């Protein structure tokens, strides 16, 4: 059975161009010590950036801009060495959120075209989620949607939790959700903004990137989806299908708590917001939500499976964000293996559930089957 990675990223070289053109986060800079640039994407990296700008003895800010971000060859090598047959690549955070409304559409258009072209270089092994110019007007976002649905190898949309600027429960965003759903594009929801840095306290710099990445990201996703659900987006756009990064952040773990808090909320109940025919978060989880398996443990994975069903979980690696630190970056990646291992421990090696999670769900849901059969036969 085929192995598909649905959570895996690239920054096209032209996108990288923009990042070193930038004076504020997100940005890429080169520092005296290493000829390997620094990728500075997150609010949490700001304090260390200012410290490294005013002090050469201070630690390097952000993360290393490796060749694994921009090189298609590196991507294919990674896939070969980790037993991945197919990747559905996507532009990584922060996408186009920082662009002015007038320029975003044209930049998104070019970058999406680049991804299509990259996928064409290895027919049958590469597909992509397109990024949208969500800092631009809604009409431009719709036009961009119509365009990407007709790009070769596009199998959905990646979007962040800020939406148009006011999150995913913004009613102005409803027509974007409708446009994407009607175009039968899967929506891959992905974190970036995390939580305000103050929540991590005054010693946060001592803990590296662990708190914003281990906690901020999945909590952001949970909050964004909970907001969507509460505003009734899933009911208003019944054909919408969303894939959630990091097994829904914390959603499978908190779904019961969310439900109990809703049914026990005085204000909601007494103002008619909790009717008897109400679709529960569990229903939405079985009907409109898919979860990636980037969860690193059979503990989280089993919760995700129990929440959405084994036919709705999809393997991913988050390549290239977690390289081995002291092991060979050209060898197998622990960050990939940990997830595959979680799958095996949870549902058993060789099982049909394993096959489903590791690739077959993605094949079915993203309609990769005809491409795959062709390739295996004709290629």
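Numbering follows the first chain given and starts at 1.
> Look over 134-142 and 273-281 in the entry and identify the one with the greater average Cα temperature factor.
Higher of the two, by average CA B-factor, is 273-281.
> Which has higher Cα B-factors on average according to the PDB entry: 89-97 or 252-260?
Between 252-260 and 89-97, it is 89-97.
> Sorting the chain's modelled residues by C-alpha B-factor, tell me whether residue 71 ends up in the lowest, middle or highest third.
It belongs to the middle third of the chain when residues are ordered by C-alpha B-factor.
> Based on the deposited C-alpha B factors for this chain, I'd like to know if residue 2 is in the lowest, middle or highest third.
Highest third - that is where residue 2 ends up once the chain's C-alpha B-factors are sorted.
> Taking only the Cα B-factors deposited for this chain, tell me whether residue 31 sits in the lowest, middle or highest third.
For residue 31, whose C-alpha B-factor we compare with every modelled residue in the chain, the answer is the highest third.
> Can you work out whether the C-alpha temperature factor of residue 314 puts it in the lowest, middle or highest third of the chain?
Answer is lowest: the recorded C-alpha B-factor places it there.
> Please rank the C-alpha B-factors of the chain's modelled residues and tell me whether residue 247 sits in the lowest, middle or highest third.
It belongs to the lowest third of the chain when residues are ordered by C-alpha B-factor.
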